[PDB]
């Protein structure tokens, strides 16, 4: 029943939405889970909700010293990593005209830079035969109004799964990108200015998607679990689109 029995997993962006739903599923499948994020309140709540086999770690992935501290804790508590889900990321809508340097840096620091260092500093603790999952996005293959940096960053993240497949093959570490479409999580709500707008952005995505609905966080976690588990043992360097068909038709 337990497809991740006694495996140790680290999930950045674990106190919310996709990160948290995956943490739950992971624990359900008998893993020990480190959830990682900046907000202490939410971390504590997420850990409470998860219930068992979980450690909350406060860290900002754009801060190298926070990562070092993270992996020290990981090392003390469990000693090695079987599954790394480099999932923390963020979107701010700006069109080409509106792009400032600060906006650019905010996007690329958390989505690309933070992720690069998240994976680099996990390397000493990563088990041979382990599995790294990167959270790209359908944005990374689409041309969406005012998504200039987000989309570019996530296209960067998909590339890294290809490169790290070659760089880590010697250790039999599998690296795969998951690209979600519309998933019912705080990232949608936190970008609109009004709760009215959010009802409409969701109905818009549903119309565009063959399966006629936004995805549930549970469903992204299940896709990530596949990549985390032995089931994907011959799956390497891919972009797994979990978007109800959005980019496929």
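Positions refer to the first chain, counted from 1.
> Is residue 218 unbuilt in at least a third of the other PDB entries compared?
No, none of the compared structures omit it.
> Should residue 62 be counted as unmodelled in at least a third of the other PDB entries compared?
Residue 62: modelled in all of the comparison entries.
> With reference to the PDB entry, specify whether the mean Cα temperature factor is higher for 81-89 or for 174-182.
On average, C-alpha B-factors are higher across 81-89.
> Give the stretch, out of 140-148 and 117-125, with the larger mean C-alpha temperature factor in the deposited entry.
Mean C-alpha B-factor is greater for 117-125.
> Once the chain's modelled residues are ordered by C-alpha B factor and cut into thirds, is residue 100 in the lowest, middle or highest one?
Within its chain, residue 100 is a middle-third residue by C-alpha B-factor, going by the deposited values.
> Split into thirds by Cα B-factor across the chain's modelled residues, where does residue 12 land: lowest, middle or highest?
Within its chain, residue 12 is a middle-third residue by C-alpha B-factor, going by the deposited values.
> In terms of the chain's CA B-factor thirds, is residue 1 lowest, middle or highest?
Highest third - that is where residue 1 ends up once the chain's C-alpha B-factors are sorted.
> Check where residue 27 lands among this chain's C-alpha B-factors and tell me if it's the lowest, middle or highest third.
It belongs to the lowest third of the chain when residues are ordered by C-alpha B-factor.
> Considering only modelled residues of the same chain, in which third does the CA B-factor of residue 217 rank: lowest, middle or highest?
Middle third by C-alpha B-factor.
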